[PDB]
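Asks: Data file start_0.csv (CSV, C-alpha atoms and all ligand atoms) is appended below.
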chain,number,residue,atom,x,y,z
C,1,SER,CA,14.3,-15.0,10.8
C,2,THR,CA,11.4,-12.6,11.4
C,3,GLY,CA,10.8,-8.9,11.5
C,4,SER,CA,8.1,-6.7,12.9
C,5,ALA,CA,7.6,-2.9,12.5
C,6,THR,CA,4.8,-0.5,13.4
C,7,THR,CA,3.1,1.4,10.6
C,8,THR,CA,1.6,4.8,11.2
C,9,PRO,CA,-1.0,6.9,9.3
C,10,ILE,CA,0.6,10.0,7.8
C,11,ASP,CA,-2.3,12.2,8.8
C,12,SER,CA,-5.8,12.3,10.4
C,13,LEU,CA,-7.5,10.7,7.4
C,14,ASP,CA,-5.2,7.7,7.0
C,15,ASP,CA,-4.2,9.0,3.6
C,16,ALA,CA,-1.2,6.7,3.6
C,17,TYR,CA,1.0,4.8,6.1
C,18,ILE,CA,4.7,5.1,6.9
C,19,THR,CA,7.0,2.5,8.4
C,20,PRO,CA,10.6,3.2,9.7
C,21,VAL,CA,13.3,1.4,7.7
C,22,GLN,CA,17.1,1.3,8.4
C,23,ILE,CA,19.3,1.9,5.4
C,24,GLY,CA,23.1,1.6,5.3
C,25,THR,CA,26.0,1.6,7.8
C,26,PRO,CA,25.7,3.4,10.2
C,27,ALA,CA,21.9,3.1,9.8
C,28,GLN,CA,20.0,6.0,8.2
C,29,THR,CA,16.3,5.6,9.2
C,30,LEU,CA,13.8,6.7,6.6
C,31,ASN,CA,10.0,6.4,6.9
C,32,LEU,CA,8.8,4.5,3.8
C,33,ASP,CA,5.4,3.8,2.3
C,34,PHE,CA,5.1,0.0,2.2
C,35,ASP,CA,3.4,-0.6,-1.1
C,36,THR,CA,2.0,-4.0,-2.1
C,37,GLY,CA,1.0,-2.4,-5.4
C,38,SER,CA,4.6,-1.7,-6.7
C,39,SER,CA,8.0,-3.2,-6.6
C,40,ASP,CA,10.7,-0.5,-6.3
C,41,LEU,CA,12.4,0.5,-3.0
C,42,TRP,CA,13.2,4.1,-3.7
C,43,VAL,CA,14.2,7.0,-1.4
C,44,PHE,CA,14.7,10.7,-1.2
C,45,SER,CA,18.5,11.2,-1.3
C,46,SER,CA,21.4,13.5,-1.2
C,47,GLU,CA,21.1,13.3,-5.1
C,48,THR,CA,17.5,14.6,-5.2
C,49,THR,CA,17.1,17.9,-7.0
C,50,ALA,CA,17.3,20.4,-4.1
C,51,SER,CA,14.1,22.3,-5.0
C,52,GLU,CA,12.3,19.0,-5.0
C,53,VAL,CA,13.1,18.2,-1.3
C,54,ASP,CA,10.9,19.9,1.3
C,55,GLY,CA,11.2,18.4,4.7
C,56,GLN,CA,11.8,14.7,3.8
C,57,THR,CA,14.6,12.7,5.4
C,58,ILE,CA,17.2,11.8,2.8
C,59,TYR,CA,19.5,8.8,2.3
C,60,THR,CA,23.1,9.9,1.7
C,61,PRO,CA,24.9,6.9,0.1
C,62,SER,CA,28.4,8.5,0.4
C,63,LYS,CA,27.9,8.3,4.2
C,64,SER,CA,27.2,4.5,4.2
C,65,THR,CA,30.2,2.3,4.3
C,66,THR,CA,28.2,-0.6,2.8
C,67,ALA,CA,26.6,1.4,-0.1
C,68,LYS,CA,27.9,0.5,-3.6
C,69,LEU,CA,26.8,2.3,-6.8
C,70,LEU,CA,25.2,-0.2,-9.1
C,71,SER,CA,27.1,0.5,-12.3
C,72,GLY,CA,24.9,1.7,-15.2
C,73,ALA,CA,21.6,1.1,-13.4
C,74,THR,CA,18.8,3.6,-13.4
C,75,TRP,CA,15.1,3.5,-12.6
C,76,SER,CA,12.0,5.5,-13.5
C,77,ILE,CA,8.5,4.8,-12.2
C,78,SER,CA,5.0,6.2,-12.8
C,79,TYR,CA,2.3,5.4,-10.4
C,80,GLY,CA,-1.4,4.8,-11.0
C,81,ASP,CA,-2.2,8.3,-9.6
C,82,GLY,CA,0.1,10.1,-12.0
C,83,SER,CA,3.0,10.7,-9.6
C,84,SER,CA,6.5,9.7,-10.6
C,85,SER,CA,10.2,9.5,-9.6
C,86,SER,CA,13.5,8.5,-11.1
C,87,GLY,CA,17.2,8.1,-10.4
C,88,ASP,CA,20.2,5.8,-10.0
C,89,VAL,CA,20.8,2.7,-7.9
C,90,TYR,CA,22.9,1.6,-5.0
C,91,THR,CA,23.0,-1.8,-3.2
C,92,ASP,CA,23.0,-1.4,0.6
C,93,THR,CA,22.0,-3.1,3.8
C,94,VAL,CA,18.3,-2.6,4.6
C,95,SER,CA,16.5,-3.6,7.8
C,96,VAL,CA,12.8,-3.6,8.8
C,97,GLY,CA,11.9,-4.2,12.4
C,98,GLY,CA,14.8,-6.5,13.1
C,99,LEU,CA,14.9,-8.2,9.8
C,100,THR,CA,18.1,-7.6,7.7
C,101,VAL,CA,18.8,-7.8,3.9
C,102,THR,CA,22.3,-7.2,2.6
C,103,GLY,CA,22.7,-6.1,-1.0
C,104,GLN,CA,19.2,-4.7,-1.3
C,105,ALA,CA,18.7,-2.4,-4.3
C,106,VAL,CA,18.1,1.1,-2.9
C,107,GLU,CA,16.9,3.3,-5.7
C,108,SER,CA,18.1,6.8,-5.1
C,109,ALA,CA,15.9,9.6,-6.4
C,110,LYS,CA,17.4,12.3,-8.7
C,111,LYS,CA,13.9,13.5,-9.6
C,112,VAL,CA,10.5,13.3,-7.9
C,113,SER,CA,7.1,14.7,-9.0
C,114,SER,CA,5.5,17.5,-7.2
C,115,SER,CA,3.2,15.4,-5.1
C,116,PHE,CA,6.2,13.7,-3.4
C,117,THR,CA,7.9,17.1,-2.7
C,118,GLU,CA,4.6,18.4,-1.3
C,119,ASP,CA,4.3,15.5,1.2
C,120,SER,CA,7.1,15.9,3.9
C,121,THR,CA,5.9,12.7,5.7
C,122,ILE,CA,7.0,10.1,3.1
C,123,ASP,CA,10.7,9.6,2.6
C,124,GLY,CA,10.2,7.0,-0.1
C,125,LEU,CA,8.5,3.7,-1.1
C,126,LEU,CA,9.2,0.1,-0.2
C,127,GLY,CA,7.6,-2.1,-2.9
C,128,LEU,CA,6.0,-5.4,-1.9
C,129,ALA,CA,4.4,-6.4,-5.2
C,130,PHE,CA,6.1,-9.0,-7.4
C,131,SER,CA,9.7,-8.3,-8.6
C,132,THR,CA,8.6,-8.7,-12.2
C,133,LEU,CA,7.4,-5.0,-11.9
C,134,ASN,CA,10.7,-3.6,-10.7
C,135,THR,CA,11.7,-0.7,-13.0
C,136,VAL,CA,15.5,-0.9,-12.6
C,137,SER,CA,17.2,-1.0,-16.1
C,138,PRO,CA,19.1,-2.7,-17.6
C,139,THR,CA,19.1,-5.3,-14.9
C,140,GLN,CA,15.8,-5.6,-12.9
C,141,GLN,CA,16.2,-5.8,-9.1
C,142,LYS,CA,14.4,-7.8,-6.4
C,143,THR,CA,12.0,-6.5,-3.7
C,144,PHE,CA,12.9,-6.5,0.0
C,145,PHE,CA,10.5,-9.4,0.5
C,146,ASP,CA,12.0,-11.4,-2.4
C,147,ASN,CA,15.5,-11.0,-1.0
C,148,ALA,CA,14.4,-11.8,2.6
C,149,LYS,CA,12.0,-14.7,1.8
C,150,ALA,CA,14.4,-17.6,1.9
C,151,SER,CA,15.7,-16.6,5.4
C,152,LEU,CA,12.2,-16.1,6.8
C,153,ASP,CA,10.7,-18.7,9.2
C,154,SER,CA,7.7,-18.7,6.8
C,155,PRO,CA,7.7,-17.1,3.4
C,156,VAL,CA,5.0,-14.5,4.3
C,157,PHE,CA,4.4,-11.0,5.4
C,158,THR,CA,1.2,-9.6,7.0
C,159,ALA,CA,-0.4,-6.2,6.9
C,160,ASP,CA,-2.4,-5.0,9.9
C,161,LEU,CA,-3.3,-1.4,9.2
C,162,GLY,CA,-5.0,0.7,11.8
C,163,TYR,CA,-8.0,3.0,11.4
C,164,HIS,CA,-6.8,6.3,12.8
C,165,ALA,CA,-4.2,4.4,14.8
C,166,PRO,CA,-0.9,2.6,14.4
C,167,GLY,CA,-0.7,-0.9,13.0
C,168,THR,CA,1.9,-3.5,12.1
C,169,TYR,CA,3.8,-5.1,9.3
C,170,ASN,CA,5.2,-8.6,10.2
C,171,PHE,CA,7.6,-10.6,8.1
C,172,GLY,CA,8.1,-14.3,8.4
C,173,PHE,CA,5.3,-15.2,10.9
C,174,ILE,CA,1.6,-15.0,11.5
C,175,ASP,CA,0.6,-13.4,14.8
C,176,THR,CA,-2.4,-15.5,15.8
C,177,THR,CA,-3.3,-13.0,18.5
C,178,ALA,CA,-3.8,-10.2,15.9
C,179,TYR,CA,-7.1,-11.4,14.4
C,180,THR,CA,-10.4,-13.0,15.4
C,181,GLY,CA,-11.9,-16.2,14.0
C,182,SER,CA,-9.9,-17.8,11.1
C,183,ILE,CA,-7.9,-16.7,8.2
C,184,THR,CA,-9.6,-17.5,4.8
C,185,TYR,CA,-7.1,-18.0,2.0
C,186,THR,CA,-7.9,-17.2,-1.6
C,187,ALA,CA,-6.1,-17.7,-4.9
C,188,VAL,CA,-3.7,-15.1,-6.4
C,189,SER,CA,-2.8,-14.4,-10.0
C,190,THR,CA,0.6,-12.8,-10.5
C,191,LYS,CA,0.2,-12.3,-14.2
C,192,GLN,CA,0.0,-8.5,-13.8
C,193,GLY,CA,2.7,-8.5,-11.1
C,194,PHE,CA,0.1,-7.7,-8.3
C,195,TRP,CA,-1.5,-9.6,-5.4
C,196,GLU,CA,-4.5,-10.1,-7.6
C,197,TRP,CA,-7.5,-12.0,-6.4
C,198,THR,CA,-11.3,-12.4,-6.8
C,199,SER,CA,-13.7,-11.2,-4.2
C,200,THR,CA,-16.9,-13.3,-4.0
C,201,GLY,CA,-19.2,-10.3,-3.6
C,202,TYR,CA,-20.4,-7.5,-1.4
C,203,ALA,CA,-23.1,-6.1,0.8
C,204,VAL,CA,-24.0,-2.5,1.7
C,205,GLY,CA,-24.9,-1.8,5.3
C,206,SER,CA,-27.4,-4.4,6.7
C,207,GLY,CA,-28.4,-5.3,3.1
C,208,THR,CA,-28.3,-8.8,1.7
C,209,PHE,CA,-25.0,-10.1,0.2
C,210,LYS,CA,-24.6,-10.0,-3.6
C,211,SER,CA,-22.6,-12.9,-4.9
C,212,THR,CA,-20.6,-11.6,-7.8
C,213,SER,CA,-16.9,-12.0,-8.8
C,214,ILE,CA,-14.9,-8.9,-8.4
C,215,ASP,CA,-11.3,-9.2,-9.6
C,216,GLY,CA,-8.9,-6.8,-7.9
C,217,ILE,CA,-5.6,-6.2,-6.2
C,218,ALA,CA,-4.7,-6.0,-2.5
C,219,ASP,CA,-2.8,-2.7,-2.5
C,220,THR,CA,-1.5,-1.1,0.7
C,221,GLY,CA,-0.2,1.7,-1.5
C,222,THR,CA,-3.6,2.9,-2.6
C,223,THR,CA,-5.7,4.8,-0.1
C,224,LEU,CA,-9.2,4.1,-1.2
C,225,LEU,CA,-11.4,1.2,-2.3
C,226,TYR,CA,-12.0,1.3,-6.1
C,227,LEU,CA,-14.8,-1.0,-7.3
C,228,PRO,CA,-17.0,-1.4,-10.4
C,229,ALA,CA,-19.4,1.6,-11.1
C,230,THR,CA,-22.4,-0.6,-10.4
C,231,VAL,CA,-21.2,-1.6,-7.0
C,232,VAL,CA,-20.1,2.0,-6.1
C,233,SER,CA,-23.5,3.3,-7.2
C,234,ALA,CA,-25.3,0.8,-5.0
C,235,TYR,CA,-23.2,1.9,-2.0
C,236,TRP,CA,-23.7,5.7,-2.5
C,237,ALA,CA,-27.4,5.3,-3.2
C,238,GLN,CA,-27.8,4.5,0.5
C,239,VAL,CA,-26.3,7.9,1.5
C,240,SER,CA,-28.8,10.7,1.3
C,241,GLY,CA,-27.4,13.5,-0.8
C,242,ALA,CA,-24.4,11.6,-2.0
C,243,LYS,CA,-23.5,12.4,-5.7
C,244,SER,CA,-20.7,11.7,-8.1
C,245,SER,CA,-19.0,15.1,-8.9
C,246,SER,CA,-17.1,15.4,-12.1
C,247,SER,CA,-15.4,18.5,-10.8
C,248,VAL,CA,-14.3,16.9,-7.6
C,249,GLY,CA,-13.5,13.6,-9.4
C,250,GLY,CA,-15.7,11.2,-7.5
C,251,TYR,CA,-18.5,10.6,-5.1
C,252,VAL,CA,-18.9,13.2,-2.4
C,253,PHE,CA,-21.5,13.3,0.4
C,254,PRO,CA,-22.9,15.6,3.1
C,255,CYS,CA,-20.4,15.7,6.0
C,256,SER,CA,-23.4,15.4,8.4
C,257,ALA,CA,-24.2,11.9,7.0
C,258,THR,CA,-23.6,8.6,9.0
C,259,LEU,CA,-22.3,6.2,6.4
C,260,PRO,CA,-23.3,2.6,6.1
C,261,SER,CA,-20.7,-0.2,6.3
C,262,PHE,CA,-19.5,-2.1,3.2
C,263,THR,CA,-18.9,-5.8,3.3
C,264,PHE,CA,-16.7,-7.7,0.8
C,265,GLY,CA,-16.5,-11.5,0.4
C,266,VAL,CA,-13.3,-13.6,0.6
C,267,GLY,CA,-14.6,-17.1,-0.3
C,268,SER,CA,-17.4,-17.8,2.2
C,269,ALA,CA,-16.0,-15.3,4.6
C,270,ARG,CA,-17.0,-11.7,5.0
C,271,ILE,CA,-14.9,-8.6,5.9
C,272,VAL,CA,-16.9,-5.6,7.2
C,273,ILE,CA,-15.7,-2.1,6.6
C,274,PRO,CA,-17.3,0.2,9.1
C,275,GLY,CA,-19.0,3.3,7.7
C,276,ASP,CA,-16.6,5.7,9.4
C,277,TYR,CA,-13.7,4.2,7.4
C,278,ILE,CA,-15.3,5.5,4.2
C,279,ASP,CA,-15.3,9.2,5.4
C,280,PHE,CA,-12.4,11.2,3.9
C,281,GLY,CA,-13.5,14.5,5.2
C,282,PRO,CA,-14.2,17.9,3.6
C,283,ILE,CA,-13.3,18.2,-0.1
C,284,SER,CA,-11.6,21.5,0.8
C,285,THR,CA,-10.9,23.2,4.1
C,286,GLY,CA,-14.1,24.3,5.7
C,287,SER,CA,-16.4,22.6,3.2
C,288,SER,CA,-19.5,20.7,4.4
C,289,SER,CA,-19.1,18.4,1.4
C,290,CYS,CA,-17.0,15.3,2.2
C,291,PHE,CA,-15.0,12.9,0.0
C,292,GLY,CA,-16.0,9.3,-0.3
C,293,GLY,CA,-13.6,6.4,0.4
C,294,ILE,CA,-15.3,4.1,-2.1
C,295,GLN,CA,-14.9,5.2,-5.7
C,296,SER,CA,-15.4,3.8,-9.2
C,297,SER,CA,-12.6,1.9,-10.8
C,298,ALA,CA,-13.9,2.8,-14.3
C,299,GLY,CA,-11.1,4.1,-16.5
C,300,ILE,CA,-8.4,3.2,-14.0
C,301,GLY,CA,-8.8,-0.3,-15.5
C,302,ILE,CA,-8.5,-2.4,-12.3
C,303,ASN,CA,-10.4,-2.8,-9.1
C,304,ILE,CA,-8.3,-1.9,-6.1
C,305,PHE,CA,-8.7,-3.1,-2.5
C,306,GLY,CA,-6.7,-0.2,-1.0
C,307,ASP,CA,-6.3,0.8,2.6
C,308,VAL,CA,-10.0,1.5,3.2
C,309,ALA,CA,-10.6,-2.3,2.7
C,310,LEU,CA,-7.3,-3.7,3.9
C,311,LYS,CA,-7.4,-1.8,7.3
C,312,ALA,CA,-10.6,-3.7,8.1
C,313,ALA,CA,-8.7,-7.0,8.0
C,314,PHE,CA,-5.6,-8.8,9.1
C,315,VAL,CA,-4.1,-9.6,5.7
C,316,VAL,CA,-1.6,-12.4,4.9
C,317,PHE,CA,0.6,-12.0,1.8
C,318,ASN,CA,1.7,-15.7,1.4
C,319,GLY,CA,4.7,-15.9,-0.8
C,320,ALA,CA,4.8,-19.7,-1.0
C,321,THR,CA,5.7,-21.4,-4.4
C,322,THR,CA,2.1,-20.7,-5.3
C,323,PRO,CA,1.3,-17.3,-3.7
C,324,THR,CA,-2.1,-16.8,-2.0
C,325,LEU,CA,-3.7,-14.1,0.1
C,326,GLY,CA,-5.4,-14.6,3.5
C,327,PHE,CA,-8.0,-12.3,5.2
C,328,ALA,CA,-9.3,-12.4,8.7
C,329,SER,CA,-11.5,-10.1,10.7
C,330,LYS,CA,-9.9,-8.3,13.7
C,401,LIG,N1,0.1,1.3,-5.2
C,401,LIG,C1,0.2,2.6,-5.4
C,401,LIG,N2,1.3,3.2,-5.0
C,401,LIG,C2,1.5,4.5,-5.2
C,401,LIG,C3,2.8,5.1,-4.6
C,401,LIG,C4,3.1,6.6,-4.8
C,401,LIG,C5,2.4,7.4,-3.8
C,401,LIG,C6,2.6,7.3,-2.4
C,401,LIG,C7,1.9,8.1,-1.5
C,401,LIG,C8,1.0,9.0,-2.0
C,401,LIG,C9,0.9,9.2,-3.4
C,401,LIG,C10,1.6,8.4,-4.3
C,401,LIG,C11,0.6,5.3,-5.9
C,401,LIG,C12,-0.5,4.7,-6.4
C,401,LIG,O1,-1.4,5.3,-7.0
C,401,LIG,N3,-0.8,3.3,-6.1
Would it be possible to restate this file's structure as structure tokens?
Replies:
Amino acid sequence: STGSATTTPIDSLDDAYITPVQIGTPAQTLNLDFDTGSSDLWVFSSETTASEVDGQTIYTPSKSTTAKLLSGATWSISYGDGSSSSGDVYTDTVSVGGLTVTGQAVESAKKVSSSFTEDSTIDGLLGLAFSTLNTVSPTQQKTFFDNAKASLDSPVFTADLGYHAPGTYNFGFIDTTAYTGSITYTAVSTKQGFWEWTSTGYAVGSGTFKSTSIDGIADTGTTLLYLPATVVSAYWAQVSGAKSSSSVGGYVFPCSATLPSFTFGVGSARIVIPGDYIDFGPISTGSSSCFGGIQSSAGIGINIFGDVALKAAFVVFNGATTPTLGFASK
């Protein structure tokens, strides 16, 4: 089997991407944030505290003839950015772009943190990291991709995120028309439960390539590109007037600047992130100070190849016996 679904930026800055998902019988379609950096499929629901729901589409398990409460099971997650959610668990039928899993764990939110309430565009998360990170207790549950994998034509999914435009998640096949040149595959460690790999280095604009190992994660659920302070300083030094602001919480730059590109290495291959991808717009409405899309990973403890990086590539999440990641230009 295979599946294919379009993924859409939630706003004009590509702050996150949503993908429609069918849950239950009859289908209830929710727009979920496909997150290769976490491993819970959770949704806003009929059970979510009423004051914590503000425009999201909710899953109502009582209206699904295939929903079954998973006895005694609860979940609670806290993300890298400080947001959180928790609740109980059903198993139900879940489909993505024509691909169906029966008995998928659907984690129904009883509580969500304020950032989720405040964003009406995201109805929940669909985790695509390794199932070892799933938070369901006392019996850990499998991700959508883990459940689907055996049935897929090939045990893979791909992320093709758009810059200011729709993109695609495919399951079970590689669309050879969706990228240019070849796909370069690179080793993955699953020891932290992430798609963790090692970049071979970087370049800033037309500058020469610096060969240096950067360990990090391919994370569709993180918006920005988080890299070591030395690398991030080298980037922003090329932007006149750019400064790290402790009050804002990162590098900001004059909105009138034209930003240089940033290149990262995958083996001998190179993925080029155009300068415009790094512009996250005014820090507050009407400001002429803009927020940078490349930020220091210092004190978050891990480098993160988030959407800023991934949207410059066609990305293969290869779930073979020994997982690997592939990157191509596009
Ligand atoms: N990998 C990853 N996932 C999340 C998911 C939660 C989320 C979703 C949209 C906006 C804000 C928070 C948060 C995070 O920091 N990293």
Asks: Please build the interface table for chain C against ligand LIG 401 (chain C) with a cut-off of 6 Å, listing for each qualifying residue the nearest atom pair and the distance in Å to one decimal; count only C-alpha atoms and all ligand atoms, order rows by chain and increasing number, and write it as CSV.
Replies:
residue,atom,partner,partner_atom,distance
C:35,CA,C:LIG401,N1,5.6
C:37,CA,C:LIG401,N1,3.8
C:38,CA,C:LIG401,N1,5.6
C:79,CA,C:LIG401,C11,4.8
C:80,CA,C:LIG401,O1,4.0
C:81,CA,C:LIG401,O1,4.0
C:83,CA,C:LIG401,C10,5.9
C:219,CA,C:LIG401,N1,5.6
C:221,CA,C:LIG401,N1,3.7
C:222,CA,C:LIG401,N3,4.5
Asks: Using only C-alpha atoms, which protein or nucleic acid residues come within 6 Å of residue 292 (chain C)? Drop anything in the same chain fewer than 4 positions from it, and give the result as a VMD selection string.
Replies: chain C and resid 251 to 252 278 to 280
Asks: Write out as a ChimeraX atom specification which residues come within 6 Å of region 157-174 of chain C when counting all atoms listed in the file, dropping same-chain ones fewer than 2 positions away.
Replies: /C:2-8,152-155,176,311,314-317
Asks: Find, counting only C-alpha atoms, the residue in C:9, C:181, C:82, C:20 that gets nearest to residue 330 (chain C).
Replies: C:181
Asks: C:263, C:143, C:49, C:238: which is nearest residue 210 (chain C), counting all atoms listed in the file?
Replies: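 Looking only at the distances to residue 210 (chain C), the closest residue turns out to be C:263.
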Asks: Just give me the gap between CA of residue 22 (chain C) and CA of residue 108 (chain C) in Å, one decimal is fine.
Replies: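 Going from CA of residue 22 (chain C) over to CA of residue 108 (chain C) covers 14.6 Å.
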Asks: Near region 56-60 of chain C, within 9 Å and counting only C-alpha atoms, which residues show up once chain neighbours fewer than 3 positions away are dropped, as a PyMOL selection string?
Replies: chain C and resi 23-24+28-31+43-48+53+63-64+108+117+119-124
Asks: Output region 203-219 of chain C as an mmCIF file, keeping the file's coordinate frame, making sure N, CA, C and O atoms are there.
Replies:
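Everything below was put into result07.cif:
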data_model
loop_
_atom_site.group_PDB
_atom_site.id
_atom_site.type_symbol
_atom_site.label_atom_id
_atom_site.label_comp_id
_atom_site.auth_asym_id
_atom_site.auth_seq_id
_atom_site.Cartn_x
_atom_site.Cartn_y
_atom_site.Cartn_z
ATOM 1 N N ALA C 203 -21.858 -6.529 0.250
ATOM 2 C CA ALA C 203 -23.100 -6.100 0.800
ATOM 3 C C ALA C 203 -22.944 -4.608 1.216
ATOM 4 O O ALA C 203 -21.817 -4.162 1.458
ATOM 5 N N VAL C 204 -24.041 -3.867 1.250
ATOM 6 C CA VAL C 204 -24.000 -2.500 1.700
ATOM 7 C C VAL C 204 -24.837 -2.382 2.945
ATOM 8 O O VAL C 204 -26.008 -2.783 2.967
ATOM 9 N N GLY C 205 -24.225 -1.886 4.018
ATOM 10 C CA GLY C 205 -24.900 -1.800 5.300
ATOM 11 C C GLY C 205 -25.447 -3.174 5.726
ATOM 12 O O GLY C 205 -24.759 -4.200 5.581
ATOM 13 N N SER C 206 -26.687 -3.170 6.220
ATOM 14 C CA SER C 206 -27.400 -4.400 6.700
ATOM 15 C C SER C 206 -28.012 -5.155 5.509
ATOM 16 O O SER C 206 -28.748 -6.129 5.729
ATOM 17 N N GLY C 207 -27.747 -4.713 4.274
ATOM 18 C CA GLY C 207 -28.400 -5.300 3.100
ATOM 19 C C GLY C 207 -27.913 -6.723 2.805
ATOM 20 O O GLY C 207 -26.920 -7.198 3.364
ATOM 21 N N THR C 208 -28.652 -7.430 1.959
ATOM 22 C CA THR C 208 -28.300 -8.800 1.700
ATOM 23 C C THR C 208 -27.002 -8.849 0.793
ATOM 24 O O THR C 208 -26.680 -7.881 0.077
ATOM 25 N N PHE C 209 -26.276 -9.964 0.891
ATOM 26 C CA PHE C 209 -25.000 -10.100 0.200
ATOM 27 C C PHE C 209 -25.279 -10.440 -1.307
ATOM 28 O O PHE C 209 -26.108 -11.288 -1.632
ATOM 29 N N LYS C 210 -24.567 -9.734 -2.182
ATOM 30 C CA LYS C 210 -24.600 -10.000 -3.600
ATOM 31 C C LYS C 210 -23.434 -10.802 -4.032
ATOM 32 O O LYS C 210 -22.286 -10.348 -3.928
ATOM 33 N N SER C 211 -23.697 -12.021 -4.504
ATOM 34 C CA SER C 211 -22.600 -12.900 -4.900
ATOM 35 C C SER C 211 -22.302 -12.535 -6.352
ATOM 36 O O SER C 211 -23.126 -12.656 -7.252
ATOM 37 N N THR C 212 -21.079 -12.063 -6.536
ATOM 38 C CA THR C 212 -20.600 -11.600 -7.800
ATOM 39 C C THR C 212 -19.078 -11.566 -7.741
ATOM 40 O O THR C 212 -18.536 -11.159 -6.708
ATOM 41 N N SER C 213 -18.408 -12.017 -8.797
ATOM 42 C CA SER C 213 -16.900 -12.000 -8.800
ATOM 43 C C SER C 213 -16.383 -10.658 -9.121
ATOM 44 O O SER C 213 -16.712 -10.026 -10.129
ATOM 45 N N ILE C 214 -15.530 -10.186 -8.216
ATOM 46 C CA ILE C 214 -14.900 -8.900 -8.400
ATOM 47 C C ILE C 214 -13.351 -9.139 -8.371
ATOM 48 O O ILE C 214 -12.795 -9.374 -7.292
ATOM 49 N N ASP C 215 -12.706 -9.069 -9.532
ATOM 50 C CA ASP C 215 -11.300 -9.200 -9.600
ATOM 51 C C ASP C 215 -10.585 -7.936 -9.206
ATOM 52 O O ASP C 215 -10.928 -6.868 -9.719
ATOM 53 N N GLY C 216 -9.622 -8.009 -8.296
ATOM 54 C CA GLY C 216 -8.900 -6.800 -7.900
ATOM 55 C C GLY C 216 -7.641 -7.091 -7.231
ATOM 56 O O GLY C 216 -7.288 -8.252 -7.079
ATOM 57 N N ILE C 217 -6.952 -6.045 -6.789
ATOM 58 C CA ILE C 217 -5.600 -6.200 -6.200
ATOM 59 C C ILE C 217 -5.647 -5.763 -4.713
ATOM 60 O O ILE C 217 -6.315 -4.784 -4.364
ATOM 61 N N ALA C 218 -4.891 -6.468 -3.872
ATOM 62 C CA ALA C 218 -4.700 -6.000 -2.500
ATOM 63 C C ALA C 218 -3.526 -5.068 -2.494
ATOM 64 O O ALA C 218 -2.383 -5.473 -2.790
ATOM 65 N N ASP C 219 -3.814 -3.779 -2.285
ATOM 66 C CA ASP C 219 -2.800 -2.700 -2.500
ATOM 67 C C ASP C 219 -2.694 -1.784 -1.365
ATOM 68 O O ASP C 219 -3.471 -0.835 -1.260
#
